[PDB]
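# Breakdown of the fold
Single-letter residue listing:
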Amino acid sequence: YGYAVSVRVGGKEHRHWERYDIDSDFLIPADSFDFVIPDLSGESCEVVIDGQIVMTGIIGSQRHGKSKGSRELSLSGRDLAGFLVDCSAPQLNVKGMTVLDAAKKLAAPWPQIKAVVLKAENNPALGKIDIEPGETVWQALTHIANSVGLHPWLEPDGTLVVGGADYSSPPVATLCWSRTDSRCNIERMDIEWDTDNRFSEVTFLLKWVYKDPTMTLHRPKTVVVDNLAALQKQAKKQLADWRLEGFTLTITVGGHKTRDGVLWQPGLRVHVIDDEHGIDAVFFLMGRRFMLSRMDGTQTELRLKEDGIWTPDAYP
Amino acid sequence: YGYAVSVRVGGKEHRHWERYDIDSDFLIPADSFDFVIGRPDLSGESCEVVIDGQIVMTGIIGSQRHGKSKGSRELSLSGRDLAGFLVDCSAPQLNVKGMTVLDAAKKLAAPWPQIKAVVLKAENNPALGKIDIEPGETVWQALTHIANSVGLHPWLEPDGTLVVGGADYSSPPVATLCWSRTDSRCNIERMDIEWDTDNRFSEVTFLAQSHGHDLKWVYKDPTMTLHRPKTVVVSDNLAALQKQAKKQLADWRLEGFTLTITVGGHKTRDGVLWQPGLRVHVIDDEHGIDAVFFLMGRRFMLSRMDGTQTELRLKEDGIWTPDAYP
Amino acid sequence: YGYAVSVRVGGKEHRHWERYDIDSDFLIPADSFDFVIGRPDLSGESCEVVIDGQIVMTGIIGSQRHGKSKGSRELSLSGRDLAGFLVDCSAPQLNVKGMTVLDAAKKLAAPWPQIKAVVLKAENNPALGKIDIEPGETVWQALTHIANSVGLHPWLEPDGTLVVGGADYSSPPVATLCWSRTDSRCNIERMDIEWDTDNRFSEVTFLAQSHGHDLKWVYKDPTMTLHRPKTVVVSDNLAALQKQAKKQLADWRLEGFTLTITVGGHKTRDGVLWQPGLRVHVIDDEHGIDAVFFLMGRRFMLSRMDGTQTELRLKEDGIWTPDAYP
Amino acid sequence: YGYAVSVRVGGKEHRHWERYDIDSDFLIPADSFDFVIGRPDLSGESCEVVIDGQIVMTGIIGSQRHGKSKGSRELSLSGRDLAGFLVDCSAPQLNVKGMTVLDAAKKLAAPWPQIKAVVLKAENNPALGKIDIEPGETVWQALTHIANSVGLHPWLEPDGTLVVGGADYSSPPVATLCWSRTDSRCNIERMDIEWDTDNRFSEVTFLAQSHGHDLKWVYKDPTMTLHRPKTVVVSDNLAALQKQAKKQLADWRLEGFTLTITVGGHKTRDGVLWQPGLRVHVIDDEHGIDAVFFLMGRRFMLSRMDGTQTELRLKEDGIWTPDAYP
Amino acid sequence: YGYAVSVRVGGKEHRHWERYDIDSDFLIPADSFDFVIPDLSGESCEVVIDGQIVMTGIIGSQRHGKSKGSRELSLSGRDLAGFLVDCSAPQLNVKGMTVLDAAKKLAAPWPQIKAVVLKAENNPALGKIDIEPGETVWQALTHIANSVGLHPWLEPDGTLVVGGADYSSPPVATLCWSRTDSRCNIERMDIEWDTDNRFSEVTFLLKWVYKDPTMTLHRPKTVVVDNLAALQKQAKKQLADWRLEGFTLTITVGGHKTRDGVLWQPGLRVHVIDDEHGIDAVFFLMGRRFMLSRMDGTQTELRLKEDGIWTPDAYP
Amino acid sequence: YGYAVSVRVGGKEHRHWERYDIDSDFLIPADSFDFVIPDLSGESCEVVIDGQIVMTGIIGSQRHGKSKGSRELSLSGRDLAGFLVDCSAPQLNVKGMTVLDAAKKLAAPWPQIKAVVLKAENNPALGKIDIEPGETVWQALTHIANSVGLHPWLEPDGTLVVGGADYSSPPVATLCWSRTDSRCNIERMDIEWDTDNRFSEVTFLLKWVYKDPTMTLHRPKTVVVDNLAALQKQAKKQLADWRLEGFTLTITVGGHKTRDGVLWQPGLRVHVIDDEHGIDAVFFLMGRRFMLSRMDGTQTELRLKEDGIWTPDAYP
Ligand SMILES: [Cl-]
Ligand SMILES: [Cl-]
Ligand SMILES: [Cl-]
Ligand SMILES: [Cl-]
Ligand SMILES: [Cl-]
Ligand SMILES: [Cl-]
Ligand SMILES: [Cl-]
Ligand SMILES: [Cl-]
Ligand SMILES: [Cl-]
Ligand SMILES: [Cl-]
Ligand SMILES: [Cl-]
Ligand SMILES: [Cl-]
Ligand SMILES: [Cl-]
Ligand SMILES: [Cl-]
Ligand SMILES: [Cl-]
Ligand SMILES: [Cl-]
Ligand SMILES: [Cl-]
Ligand SMILES: [Cl-]
């Protein structure tokens, strides 16, 4: 009669929690989990919710706390990017390599990562990417992927992807706000606009200048990014990433599933109607947090962005 | 985009509350209201409480507070419906026998022209028997006595009409409410159930003295193992003793169970303001409930923390004032 | 640098409180006190409450608590003024007619030599009429009856003197307090106003039976539209019926309005301890108030959160015990 | 590893509470219990409260609540011990003279076979005098009257036996509890002392009327300086008047002092469940206490914040029901 | 009947708030505001209180939040130093330039800053100041100004000043503490003494050594600051700045104006009497925060320093 | 009838507090204190509890706060390591020097530190340790000490030690948990396991490789540490330090003294029995916080580690 939130460690399954936070995000390298109810730290584990895999990772830390009136056991960790986030990238010449092959090679030391897949149309050969001493595997992978307009992330089953958004798939839920209409699902809504990365002119350095026509204020910027085609490619992606930073729509809904049974997952598009704020648009889900609390029960925070902006090269 | 809720006084709408509580109940005599805004002396003024242009209560502002400190100003208003007059003021020494129940009610409400109609909410309009009322009785007490003698009860309606009457269980439920931790179509925010065995007796011996204690009827539930006997004196034949004893047993039975549901908003899906006298179909698969309940009390609420809600005080179906509409 | 507040018991000063409440009121019989420090059995001991060497109350410690846990120890004391004896203990069956009011008060306080003077706080010292008191009456009840018969009221003064008397509205206001969100010279920290129409009646018929209900005086306010009649029996001529009915109307009128002001400190600017019986000029430009009010109750307070304050319970001027000093 | 606490109903153990309060007291008629878990209708069912397989109370579930919102479900149960029947139900008009106290108790508890034994907790089993009870008296009131006439008192024991009896001060204290901010062997978590002089009178004149107010005994404490006289009518010789007056003086004396100690757990070091009727040696060097106290009331408690504790309501030793075991 | 707190964005004026914090400070580069009650982010705006300009800036960020019981709109930003704080200083040789001219030149790209003024007696020519790659315009301006014993800040009308304190202007309010006397204005008082930058001997490096005579403890320091006159000038200013860090008097008063109608502003001197702590002195207001809260209404936090210590060269 | 918590500043003794935190730790450089009840900042001070010296330091900061209902005076500071933490290490060639002599020389500028002692069996000569510009005296001392398997800390009387743990001294208290048994002292217990510094293979760089046999997951690490004997010495110490980071047992007890009158102090071994969690072992106290609060009165937090792991060279 509730959500089956079924965690698996060492072939033991756990299904009953006082609270949790399970957070996935395209831009934050390693997705993470935290659960509150034997030393499980360092163990592999999986997170499923009503028959669908949600995260594959490793328990990083465990805490057992007690006082006279209470006793609690907590577990937290990250997905399998945790390895690539922590560990040093090798000296790798990826020039001429396929972005998928370079990603495969970077991930190779961790068999725990069992597939590496491309979520884009094509699989382009890479230029010379320098990897600096000290750089992590994730940093290296991000630079590589970003060089051809793509980005890395772990999927729920532990597959590493290098890819971008498919804006072709039709929105998979509609969410509305209403202080009247009880069909409406949205419990909380937070809208943020930020100007700190809007620039009036940006000079990228092989030189291309971008100028923002409606910007009346002076806010010049200069950026150090082989070919000029490789410049505007990478520069336009920087512009797109800054545009995305400038707006966030955070919606909290009850439960963990859409009104048709799909677990919220980054990558979905979501139609939002707020007749009161005058919103009727499609947004792109970039981050998603499954939450259970004593006070609010089960909810999902949905961190929604402007549609069509992120990784527009992946699938034009 | 939400509800327009006002306290209308002298044609003038007072709107924009930060919090309110509007409470109606068949058993509590005077329905009441309470409003606060936090960003003129109306005490003693006649008012109407209005939600989206529909009057939900007619009454009198009994009290007003203004409070100020550095950082806050709060104005509050409270009051009661027009039953407040009858609850406060004294019954005359009317003899009701056999004046119709509708005419003995009309009589008792006469001094308050502010109560502009008296209506019978019942199939039949019985000639009353002998009702002996004591002199410090309030109009309300007297009205309850009279009403209850014929298996009825008094209340005020939203527009200020006094009703003597009872429940109509022929009316189809107005809504189906359901509880679910996974079904988003289910809209119950909070469900509280209370069971109380205070007034659950093993045998109850009812006594009365005839026109001319010679009258005696005893009730037993063979499902009570515990010894808990009670004897009650009823104030003229085995028929009248049995009728009234049975009303007491039904009153006790109602006291034993309450289902309190909290919902967001103030209206059903088909636009009906929650109001006592409605029947509500409730489903809770977790608990195994699927039944119709009778709405005996309801509270319209606004808070900063929880926004707009209704508390629905629900009772077992078919039990209260069953004679009103057989 | 702040106030020295002590509970003096057996010449010994107990000082250094973390919190207290010292409450005086003309209408509540026994003024009270409550002290806590949080860093000897004095229960039943005689005490004086002293602020900056001035006694503000004379009474008896009724109760004491000591509480300890790891991290805190709290000692508390409560008590009442000397009216506590009269409130608790029984009146004799004195006949007062026409003993002077001052002599019937002296009589009733006689058993408590702890009350070391009885004073009349009134222009005239009327010979009392016939006052019929019932045997379980407390000295206080009896004293209130007697006092009220002649448009007076009893209280204890700070030094333990019993007063029968009333307000003096000839005394110039002792202070002007004002409210402002921009004027720093304005010193009111909190202003609460309450209006209540509970005891605001449309017509009131007063009845009494002569020496030898033949006495009847009815009051009406033509500004009441709502029907809210009341009849009151007063316990020997149209003059005495009218005098006492009017005192009841004034009591009701006082109940209908309270202005509660909170100020920092315990003294006016000219060094006067707030005390019931003072008149206070209040200005609130925001609200449109500029009037004099009569101080009926006051509470000296200390808390960790708010420090040193006084709550001032203010009433409409000129209404309470108007005969005491015409 | 902690206590197994259950509500046993129909052989079935309900365990796993998040919070409870189990309160027993010689002076409060019906001991009570309250349980909540927060992760079937048992109202009106017979139950036993059990700690580590030992029954601590026998009673009836009076009420049950289930509450649900998103994020919490809470089931609660309350009830009383078997004295609840006697407190609720009516005494017969038994004449007790001189039936033994044990036989007049047996009689009055007879209708509740649920009370399966009546025991006398006293040296002697006096033939009762003339006890005049009024008709709406409860079995409990009547039992208290009768019991108290012979310097005894009624209570229920954990297994459901009705006792008429008193304290045994020959029984050695069961435990020594001590308070210390530096001694870890000292186990008191919280110590609260209250002294109250409400019912401390200077002279008390006791009056009674003989078999055939001619009976009069007056008490004085020459340590009272304050005038606080009381007169009490007792309902047939200077011996019986003096016996009962003295019981009243002892009751008042007990009301004047309470020591409330809070301890972790529910058992003494030697495995005894805290229960009224035990004597407890208390040491607090800080306060200068080193004495034995009589346990009059006790509350087993569980909370999330404080875990498992017992509140021990302790009274001056040797004062309550001193005749029961001279 | 309250404070007219009148904010102006795009020629719309807003006057009614649930709360705000408006903070100005000589040492924190960009003053800031935050207000709680249409996308206003990136818009210019002004803050006035009862007819007197209080801050000129740009809305940096906006948030609209709502739940079932509540709805709130917040705006925050900084004064016009925000531009110079964010943006890269150019390669500028200021040698031989007047400090006012160098400040004018550094501010020139932002016409939004309409005047640049000197608040000192004279306007000295500067030495070679090196500006490092990456340094901001504010950092550069601070180094320049500091080189001649001065400091930069924005005034309420958006004028940039390079200057120092005028200790000649007489204290403009007296504030007292009293648990008795209700004429006394101070609601809260916080006094902080800190020793972390008191040194027993400081060697500045062209070498001058400072020695503290009452310092008994060993706490030596060495600092890397053209002329020797330029050394003791700049060294004595470092000593003065450390002395200032060692003591702060924070007073919270009700309202926003002195007992004669002047809005609290950094730069004023304030007589403080606390007969209870035994204080009777003049302090210099270095920072000022206008506050409105539900719980405490309108107040001002006044961050007061030792008189006469800061920028003693500006006006000897 | 309580703890005599007797602080001494300028020959004034203070004994009465609303709260305090007094924290000592082998790994955090400067132990610290904070007390809540005249400018005492910069003054030397001592902390004793019932006749036993507990900390020797310097008041770093003082605060006096008041509002209408309350007034409080706070003092905080650090032990005498505060000097060596703040100040620059000199250019010192410690090669051939005895570790005790090198420590003495590093501490010499602060006579406030009146003894420097070795808490190990022997006193080995040091190799070339380089001290970088900017390095503090404490950093230098730590590197020196660590180079020979030891560590620095200040003892309660202000003596500087370079040393390690004596695991020979028998446990000095037994602490138990019981929801029944009231003889049991433990009010709260927090157990933390963390895997972030467990590695599958560690290559130290003159090259030694460590391999963890039970580690199934790939987590390689490489570390830059004269002799090869000097490598495994220093490498094994790094391994031991990481092992210690992976587990902490935090126990809160009431009071400040063992059940035999010894003030809790880092360095003691403690037998812990938790029949409920199935713990029966000896742990090593690495950190200790004396606390007084209004809500919980006097307590000690005991930060306990795995026995025998830290500084195993000091006393084999
Ligand atoms: Cl990610
Ligand atoms: Cl599943
Ligand atoms: Cl990373
Ligand atoms: Cl009603
Ligand atoms: Cl009524
Ligand atoms: Cl509905
Ligand atoms: Cl009084
Ligand atoms: Cl009274
Ligand atoms: Cl004043
Ligand atoms: Cl009992
Ligand atoms: Cl009873
Ligand atoms: Cl014990
Ligand atoms: Cl600034
Ligand atoms: Cl203006
Ligand atoms: Cl900057
Ligand atoms: Cl340390
Ligand atoms: Cl000592
Ligand atoms: Cl360091």
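Judging from the entry metadata, X-ray crystallography is the method by which this structure was determined, and 2.10 Å is the reported resolution.

### Considering the overall build of chain A
Of the regular secondary structure elements, chain A holds four helices and 19 strands. The globule rule puts the C-alpha radius of gyration for 316 residues at 20 Å, and the 21 Å found for chain A is close to it. Overall size of chain A, expressed as C-alpha extent along the three principal axes, is 65 × 50 × 35 Å. Per-residue burial over chain A gives 52% buried out of 316 residues. Split by element, the accessible area of chain A, about 14,100 Å² in all, is 50% carbon and sulfur. Considering chain A, the positive charge centre built from 35 side chains and the negative charge centre built from 43 side chains are found 3 Å apart.

### Structural notes on the pattern of salt bridges
Residue and element names in this part refer to chain D. Tallying each qualifying case throughout the model produces 150 salt bridges over all chains. Residues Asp 25 and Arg 313 are paired through a salt bridge, measuring 2.9 Å at the closest nitrogen-oxygen approach. For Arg 313, a relative accessible area of 15% gives the class buried.

### A look at empty space enclosed by the protein
Where empty space is left in the structure can be found by rolling a water-sized probe over the atoms. Taken as a whole, the largest cavity holds about 130 Å³ of empty space. In terms of lining, the largest cavity is formed by 14 residues, of which the most central are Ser 24, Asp 31, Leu 154, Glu 155 and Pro 156 of chain A. Breaking the lining of the largest cavity down by element, the ones donating at least two residues are β3 (19-25), β6 (52-67) and β9 (151-154) of chain A. Residue composition of the lining of the largest cavity, by class: seven nonpolar, two polar and five charged. Counting contributing residues, the lining of the largest cavity receives three or more from each of domain 1 (1-79 + 165-193 + 246-311) and domain 2 (80-164) of chain A. Here the second largest cavity is characterised by a volume of approximately 40 Å³. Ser 24, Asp 31, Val 56, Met 57, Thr 58, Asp 81, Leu 156, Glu 157, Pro 158 and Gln 275 of chain B are the residues that line the second largest cavity. The element that contributes the greatest number of residues to the lining of the second largest cavity is strand β6 (residues 54-69) of chain B, accounting for three residues.

### Some remarks on the relation of the copies chain A and chain F
Turning chain A through 120° and shifting it by 0.0 Å along the axis lays it on chain F, with an RMSD of 0.0 Å. Taken together, the rotation angle and the small translation identify this as a three-fold axis. Within chain A, the C-alpha atom positioned nearest to the axis of rotation is that of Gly 134 of chain A, 13 Å from it.

### A few points about the domain arrangement of chain B
Residue and element names in this part refer to chain B. For chain B, the assigned domains read domain 1 (1-81 + 167-195 + 256-321), domain 2 (82-166) and domain 3 (196-255). Relative to domain 3, the C-alpha centre of domain 1 lies at a distance of 35 Å. Between domain 1 and domain 3, the residue contacts involve nine residues of the former and seven residues of the latter. Considering only the side of domain 1, the residues that lose the most area to domain 3 are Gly 256, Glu 316 and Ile 319, jointly responsible for 60% of the buried surface there. Across the salt bridge formed by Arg 253 and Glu 316, the nearest N and O atoms sit 2.8 Å from each other. Summed over the shared surface of domain 1 and domain 3, the number is eight residue pairs in polar contact. Residue assignment for the side of domain 1 that touches domain 3 shows that the elements contributing at least two residues are β12 (188-196) and β19 (307-316).

### Thoughts on the interface of chain A and chain F
With 22 residues of chain A in contact, the opposing surface of chain F contributes 19 residues. Taken together, both faces of the contact between chain A and chain F bury some 1,800 Å²; the carbon and sulfur share is 48%. Its largest share of buried area at the contact with chain F, chain A owes to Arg 63, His 64 and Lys 66 of chain A, together 34% of the area lost on that side. Across the pair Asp 190 of chain F and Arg 63 of chain A runs a salt bridge, and its minimum N-O distance is 2.5 Å. Taken together, chain A and chain F are joined by eleven residue pairs in polar contact. Elements that contribute at least two residues to the side of chain A that touches chain F include exactly β6, β7 (71-79) and α1 (81-86) of chain A. With ten residues, the top contributor of residues to the side of chain A that touches chain F is β6 of chain A. When grouped by side-chain class, the residues that make up the side of chain A that touches chain F number five nonpolar, ten polar and seven charged. When β6 of chain A meets strand β12 (residues 186-194) of chain F, the two strands line up antiparallel, connected through seven bridges. Note that in β12 of chain F the partner of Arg 63 of chain A across the bridge is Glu 192 of chain F.

### What about the state of the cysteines?
Formally, a disulfide is one covalent bond, and it connects the sulfur atom of one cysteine to the sulfur atom of another. Residue and element names in this part refer to chain C. Considering all chains together, one arrives at six disulfides over all chains under this definition. Here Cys 178 is linked by a disulfide to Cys 186, with a sulfur-sulfur distance of 2.1 Å. Around the S-S axis, the bridge from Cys 178 to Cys 186 shows a dihedral of about -100° and counts as left-handed. Using a relative accessible area of 14% as the deciding quantity, one classes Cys 186 as buried.

### Digging into the interface of chain D and chain A
In this assembly, eight residues from chain D lie in contact with nine residues from chain A. Regarding the contact of chain D and chain A, the summed buried area is about 570 Å², with carbon and sulfur atoms giving 39% of it. Among the residues chain D hides against chain A, the three largest losses belong to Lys 70, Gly 71 and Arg 304 of chain D. Together they make up 55% of the total. Applying the counting rule to chain D against chain A returns one salt bridge.

### Comments concerning the packing of helix α2 (residues 99-107) of chain F against helix α3 (residues 137-147) of chain F
All names here are of chain F. α3 packs onto α2 with a crossing angle of 180° between their chain directions and a minimal axis gap of 10 Å. The orientation of α2 with respect to α3, classified from their angle, is roughly antiparallel. Side by side, α2 and α3 meet where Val 99, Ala 102, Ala 103 and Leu 106 of the first sit next to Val 137, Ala 140, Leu 141, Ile 144 and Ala 145 of the second. Partitioning the contact of α2 with α3 into residue classes produces nine nonpolar, no polar and no charged.

Conventions we followed
Residues numbered from 1 in each chain as written, not as in the entry; some residues may be left out. Chains lettered and ligands numbered in written order. Heavy atoms only, no water. Residues with missing side-chain atoms left out of burial classes, pairs and counts. Helix = DSSP H or I, 4+ residues; strand = E, 2+ residues; numbered from the N terminus. Rg over C-alpha atoms; globule rule 2.2 N^0.38 Å. Buried < 20%, exposed > 50% of the residue type's maximum accessible area, 1.4 Å probe, protein only. Areas by Shrake-Rupley, 256 points an atom, 1.4 Å probe, with all protein chains shown as cover. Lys, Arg positive; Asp, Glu negative; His and termini not counted. Charge placed at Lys NZ, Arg CZ, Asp CG, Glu CD. Salt bridge = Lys/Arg side-chain N within 4 Å of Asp/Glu carboxyl O. 1 Å grid on protein atoms, 1.4 Å probe; cavity = no way out; pocket = protein on both sides within 12 Å on 5 of 7 lines; lining within 4 Å. Points joined across faces, edges and corners; volume = space filled by probe spheres on them. Nonpolar A, V, L, I, M, F, W, Y, C, P; charged D, E, K, R; others polar. Domains from an automatic or database assignment. Least-squares fit on C-alpha atoms. Contact = heavy atoms within 4.5 Å. Buried area = accessible area lost by both parts, 1.4 Å probe. Polar contact = N/O pair within 3.5 Å; in protein donor to acceptor, adjacent residues only side chain to side chain. Pairing = 2+ DSSP bridges. Disulfide = S-S within 2.5 Å. Axes fitted to C-alpha atoms, helices over the stretch in contact; angles between N-to-C directions. Parallel < 35°, antiparallel > 145°, perpendicular 65-115°, else oblique.

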